[PDB]
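**Student:** just the starting chains for now, same placement as in the complex:
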Amino acid sequence: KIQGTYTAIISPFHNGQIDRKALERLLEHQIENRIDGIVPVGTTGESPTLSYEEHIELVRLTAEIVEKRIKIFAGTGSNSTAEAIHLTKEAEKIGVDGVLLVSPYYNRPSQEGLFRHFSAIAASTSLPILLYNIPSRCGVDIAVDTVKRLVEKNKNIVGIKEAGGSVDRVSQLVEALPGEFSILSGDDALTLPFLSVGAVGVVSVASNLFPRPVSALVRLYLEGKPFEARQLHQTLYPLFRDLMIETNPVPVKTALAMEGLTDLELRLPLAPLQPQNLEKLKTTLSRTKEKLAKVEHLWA
């Protein structure tokens, strides 16, 4: 099933266009560092500001670069059911392993609306489907009872990126759902507490920067080394916090740009960090590289 560490990749831009050299190198750095899979064109990838063909083209490059070496679950959700079906269908044609479907944002559908929304997309594809609950961005929550009904009637709904900020929600999901069902953390700071109560991995932002250390955190816990896992969690925790110092993906793309790895190009309405937050992030980036160097036996 679906377990481990998945990277929600940024969409690297150069001169107003997709920077393909940047994507290749970033994808290679992930594959080389024990990452289980990639989520292209989600929130971290600035999907709202991609054109439709850029959305499709970003999934196409990712598939071509990765060449089946690790898994790809493309972000293909929408707050239009028809649009999510069309985006999901186009991803299946490219040749992905599955899709990640954020719950409809902004129009706040009822739970029965969510049931028919996700069932209509699930029925439209043979692809495995990960649901994605993030009330803070969407204005609506996928209730546990809705997830359970969805999985009862839709065999290809296999898991959930749970980003509700609530570890209690994970326990509720494990109580209500089969256990082949994969609960993944959607928040780097909460992965270890989610794993402790039955999640099996993470859709990560921080692994854009530190793929082997983030990936080691999950492996350490899953093989029964909770104290070494906690050690790595404490090492990365200040980074986990400052990667949301302003709205993701501005910190993580700024951080990659401070490394030689991408242009600091954002599409409006995202804007660069305010100067004091830029300095905090810069400092946390550096302490993080120091702290990791001292605990290298945990992750290298």
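**Tutor:** Everything's here; your move. Numbering: from 1, shown residues only, chains lettered A, B, ... in the order given.
**Student:** doesn't residue A:60 make contact with residue A:72?
**Tutor:** No: Residue A:72 is beyond contact range of residue A:60, at 10.8 Å (criterion: Cβ atoms under 8 Å). The C-beta positions use only the backbone N, C-alpha and C, and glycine is treated the same way.
**Student:** okay, those two: which has more neighbours?
**Tutor:** residue A:72 (24 against 17; other Cβ atoms under 10 Å).
**Student:** you'd agree the more buried one is in a strand?
**Tutor:** Yes: under DSSP: H, G, I helix; E, B strand; the rest coil, residue A:72 sits within a strand.
**Student:** if it is in a bridge, with which residues?
**Tutor:** Note on residue A:72: beta-bridge partners residue A:38, judged by DSSP bridges.
**Student:** and the gap between it and residue A:51?
**Tutor:** Distance of residue A:72 to residue A:51, given as Cβ to Cβ, to the nearest Å: 20 Å.
**Student:** can you check residue A:104 too?
**Tutor:** Using Cβ to Cβ, residue A:104 is found at 21 Å from residue A:51.
**Student:** how about residue A:266?
**Tutor:** 16 Å.
**Student:** now residue A:271
**Tutor:** Residue A:271 is 20 Å from residue A:51, by Cβ to Cβ.
**Student:** spatially nearest residue to residue A:269, not counting backbone neighbours?
**Tutor:** Distance criterion Cβ to Cβ, 6 or more residues apart in numbering; nearest residue to residue A:269, sequence neighbours excluded, is residue A:49 at 8.0 Å.
**Student:** pretty sure that neighbour sits against residue A:268.
**Tutor:** Yes: shown here, residue A:49 and residue A:268 form a contact pair, counting by Cβ under 8 Å, at 7.4 Å.
**Student:** chain B comes next; put it on the structure above:
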Amino acid sequence: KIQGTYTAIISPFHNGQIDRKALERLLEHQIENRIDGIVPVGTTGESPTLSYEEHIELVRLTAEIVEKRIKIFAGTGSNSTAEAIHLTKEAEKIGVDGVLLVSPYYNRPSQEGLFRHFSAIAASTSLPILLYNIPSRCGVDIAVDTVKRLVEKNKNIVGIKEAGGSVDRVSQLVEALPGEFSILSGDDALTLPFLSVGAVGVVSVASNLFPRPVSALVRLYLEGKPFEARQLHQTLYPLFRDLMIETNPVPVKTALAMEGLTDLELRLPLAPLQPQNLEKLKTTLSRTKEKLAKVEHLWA
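**Tutor:** Putting chain B together with the chains above:
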């Protein structure tokens, strides 16, 4: 001069397409019932599930039906700045009075991001612009100081649909902004308290059903008749409540469909009301008409 009652109209559907005949009828019913203007293709018009071409077409039809008899502020916002600019220009070409720009939803831009987003659209158009603050659907709020800078640096930002659920926010806006800035209620149930501290009208959902009473509520306060306005507020209040019994526009479109004015056609992810909520809506509708019949001198 932005003052009075503006109706956020439903988008009437028939057999999967825009129902032009129903749209004609709804618009004439508004014009004949003392409505100051129309807001096509906002939330109430199910903008997320319209195709781009449908979005422009609904705006074209509204303008063609209305012929300048009342004002039109078209919904042209997006969580992509480039997309909002393009929608706004298409509206300018159709020939509207102005544009209403919801804050970017889902990607949660920083305040500076919101400043640049709205500033770029304003600089792109000659139309007057109403900002639209609704964090429960967007996941972000337009801070008072951000509204203040927007108006300082963009002469065509002339008002706001304030739907943050907070009347105190209105007192802050009036304190921070020039008296000429027009604050409109975005929540029918808060219209009267917003007016009491300096708002000048409403972008209304309830006016879809009861245009004359909602419009009279605002006029009564503006003509210095607070106790009669309160009488009307209190007459309509249970209806205002039940138009949110599930996510707008499901109640209001269901109510119109029960009146024979449109098909009860909703695009997924919106779904019909739960049966117990349908019953509440039905009885509240009839109860409201019964009560309006008794206070006819206030609104008729």
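**Student:** you'd agree residue A:106 is in a helix?
**Tutor:** No: looking at residue A:106 with three-state DSSP, it is coil, so not inside a helix.
**Student:** please name the nearest non-neighbouring residue to it.
**Tutor:** For residue A:106, ignoring the flanking residues on the chain, the nearest one in space by Cβ to Cβ, 6 or more residues apart in numbering or on different chains is residue B:105 at 4.0 Å.
**Student:** residues in contact with the one you found?
**Tutor:** Counting by Cβ atoms under 8 Å, 6 or more residues apart in numbering or on different chains, residue B:105 touches A:105, A:106, A:139, B:79, B:137, B:138, B:139, B:140.
**Student:** how many residues are close by residue A:231?
**Tutor:** 16 (other Cβ atoms under 10 Å in any protein chain shown).
**Student:** surely it and residue A:297 touch.
**Tutor:** No: counting by Cβ under 8 Å, residue A:231 does not reach residue A:297; the two are 10.0 Å apart.
**Student:** and residue A:295, how far from chain B?
**Tutor:** 33 Å (Cβ to the nearest Cβ, to the nearest Å).
**Student:** name the SS class of the nearest residue to that residue once chain neighbours are set aside, please.
**Tutor:** Closest residue in space to residue A:295, ignoring its immediate chain neighbours: residue A:235 at 5.7 Å, by Cβ to Cβ, 6+ apart. For residue A:235, the assignment made with three-state DSSP gives helix.
**Student:** same deal with residue A:85?
**Tutor:** helix.
**Student:** most neighbours among the contacts of residue B:105, please name it.
**Tutor:** Neighbour-wise, the contacts of residue B:105 (other Cβ under 10 Å) top out at residue B:138, 27 neighbours.
**Student:** here is chain C, add it in:
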Amino acid sequence: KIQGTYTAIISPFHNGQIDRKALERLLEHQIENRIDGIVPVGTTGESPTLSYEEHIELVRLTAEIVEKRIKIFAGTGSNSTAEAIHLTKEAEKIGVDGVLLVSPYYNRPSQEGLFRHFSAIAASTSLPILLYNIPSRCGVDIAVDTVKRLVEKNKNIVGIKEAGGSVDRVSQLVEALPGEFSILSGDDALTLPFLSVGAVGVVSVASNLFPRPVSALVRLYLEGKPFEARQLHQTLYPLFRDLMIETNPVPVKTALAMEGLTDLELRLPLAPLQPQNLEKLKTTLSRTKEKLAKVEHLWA
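**Tutor:** Now chain C, sitting on the chains shown earlier:
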């Protein structure tokens, strides 16, 4: 019926004890400036840090000084039903006009618990009772249905200080309760919007400093002058805001001490303002006095 402006007075302290001269001066200033009544030893009076006998003495001193010239509703609430009964009976023996009963804080009773709590206190006394809903401090809200049941069964429950921060609560309360039931603002900044949907007065903090203008604000609205009322509201609004810059009563007691009217003696766990908030309060105080002088025809 209970209407108009009631001042939740500070408990003036001097050298660790009740300051009787300061209390007398403050009470006389209230009586001279069109205040309808006094609420001694509520939150603004630091009820948590008074001894029982200090609690009894402040209520007795207030009754003795006022000598029935204006009304007294004494704060006698507790999160212990028995202690609230005892406090209420003591106030009745002193001879007040009524009592203000905050909902239980900290132990978070169910709605049925609230109904039994308030019903038991109401049954123990012939005094009129004002309920006091303030969820931000108590951790619980008095539901509208609970207020309605309490009034059905306890004829001496005559109103509520509504401090839930929600004007919509006022509309629900007026829907559910008879006209003789009095809803009072518990938040100076929301008094005017509360009035517009059916409140009939305020239990005020600001009136400690500016009794005539605050009481004029309420009278202006109740006599059908909504725009003079709004004008006074906007004149006072920044003061209303800064009297909550930190938890009441620190700002209002700090303001009165700056006027030489009481000692800035606070009992722990309350502490003086942070210096930046002190400066903001000081500057807002000065501006308010001059602005009030320029609209003196509205309140003098």
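**Student:** number of residues surrounding the nearest residue to residue A:128 once chain neighbours are set aside?
**Tutor:** Sequence neighbours aside, residue A:98 is the residue nearest to residue A:128 in space, at 3.9 Å (criterion: Cβ to Cβ, 6+ apart). For residue A:98, the count of nearby residues is 24 (other Cβ under 10 Å).
**Student:** between the two ends of stretch A:136-149, how far is it?
**Tutor:** By Cα to Cα, to the nearest Å, the extent of stretch A:136-149 from end to end equals 23 Å.
**Student:** next one: that stretch to chain centre, how far?
**Tutor:** Relative to its chain's centre, stretch A:136-149 lies at 17 Å (Cα atoms, centre = their mean, to the nearest Å).
**Student:** give me the neighbour count for residue A:176.
**Tutor:** 14.
**Student:** tell me the contacts of it?
**Tutor:** A:144, A:145, A:147, A:148.
**Student:** likewise residue A:130?
**Tutor:** By Cβ under 8 Å, 6+ apart, the neighbours of residue A:130 are A:2, A:73, A:98-101, A:158-161, A:182, A:184, A:203.
**Student:** tabulate those residues (JSON lines), appending secondary structure.
**Tutor:** As requested, the contacts of residue A:130 are arranged in JSON lines below (three-state DSSP):
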{"residue": "A:2", "secondary structure": "coil"}
{"residue": "A:73", "secondary structure": "strand"}
{"residue": "A:98", "secondary structure": "strand"}
{"residue": "A:99", "secondary structure": "strand"}
{"residue": "A:100", "secondary structure": "strand"}
{"residue": "A:101", "secondary structure": "strand"}
{"residue": "A:158", "secondary structure": "strand"}
{"residue": "A:159", "secondary structure": "strand"}
{"residue": "A:160", "secondary structure": "strand"}
{"residue": "A:161", "secondary structure": "strand"}
{"residue": "A:182", "secondary structure": "strand"}
{"residue": "A:184", "secondary structure": "strand"}
{"residue": "A:203", "secondary structure": "strand"}
